[PDB]
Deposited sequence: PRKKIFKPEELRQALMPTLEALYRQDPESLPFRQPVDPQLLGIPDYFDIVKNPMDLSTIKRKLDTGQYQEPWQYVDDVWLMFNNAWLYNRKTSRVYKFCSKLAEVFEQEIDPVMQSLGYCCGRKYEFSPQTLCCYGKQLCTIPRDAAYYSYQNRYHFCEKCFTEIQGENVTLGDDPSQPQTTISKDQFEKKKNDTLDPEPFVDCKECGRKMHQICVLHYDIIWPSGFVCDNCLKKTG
């Protein structure tokens, strides 16, 4: 039911993207689409099926391609995830990526809350003890350190995707379906 107009998204979200751009040296490999010729990495599109970068995200905000702000968050993490996948853990570009992600995680919650959401945190806080997703880079002995996306429940009334753990509590029941605060 809630529709987000482009200028409302751009106004709220763009300062989170500028916070990334401000990071120097860290944003510099993220400022333009990876060019595997220039960078000497001819196997790049063998590994990254769905590239993403700061300029494409800015252009998506600037031209109204996101309908709702979790689509922006998903692209931010697709960019991060691509880079943590392709580059080795010891590489400069990987380490820069982790810094950008730290910066993002600290910026996104207040801004998502200004847009009516619970928070802006994509991934669960830790892996589940053992007994895809638009940001997961696709693929055509393990180690238990994967973080899955925090699952959602939609507000029945406005259509906002809210996290189950942010809005559903152990002592509250919603027989007619979840409704968010304001809306309520």
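Where does the model skip over parts of the deposited sequence? Seq positions lacking coordinates: 1 to 2, 134 to 173, 183 to 189, 234 to 237.
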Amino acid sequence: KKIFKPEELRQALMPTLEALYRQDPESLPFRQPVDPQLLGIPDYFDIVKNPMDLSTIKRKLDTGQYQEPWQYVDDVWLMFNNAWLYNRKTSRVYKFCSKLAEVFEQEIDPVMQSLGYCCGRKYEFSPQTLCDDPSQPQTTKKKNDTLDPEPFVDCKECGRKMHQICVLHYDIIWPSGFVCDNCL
From here on, numbers count along this sequence of modelled residues.
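Using the B-factors recorded in the PDB entry, average over the C-alpha atoms of 118 to 126 and of 141 to 149, then report which stretch comes out higher. Looking at the record's C-alpha B-factors, the answer is 141 to 149.
For the stretches 23 to 31 and 59 to 67, which has the higher mean C-alpha B-factor as given in the deposited record? Per the deposited B-factors, the answer is 59 to 67.
Ranked C-alpha temperature factor of residue 36 among modelled chain residues, by third: Ranked within chain, residue 36 CA B lands in the middle tercile.
Residue 47, C-alpha B-factor rank within chain (lowest, middle or highest third): As the PDB entry reports it, the C-alpha B-factor of residue 47 lands in the middle third of its chain.
Residue 166 - Cα temperature factor, lowest/middle/highest third of chain: Lowest third - that is where residue 166 ends up once the chain's C-alpha B-factors are sorted.
Sort the modelled residues of this chain by their C-alpha B factor and say whether residue 133 lands in the lowest, middle or highest third. As the PDB entry reports it, the C-alpha B-factor of residue 133 lands in the middle third of its chain.
Can you tell me which third, lowest, middle or highest, the CA B-factor of residue 14 falls into for its chain? Ranked within chain, residue 14 CA B lands in the middle tercile.
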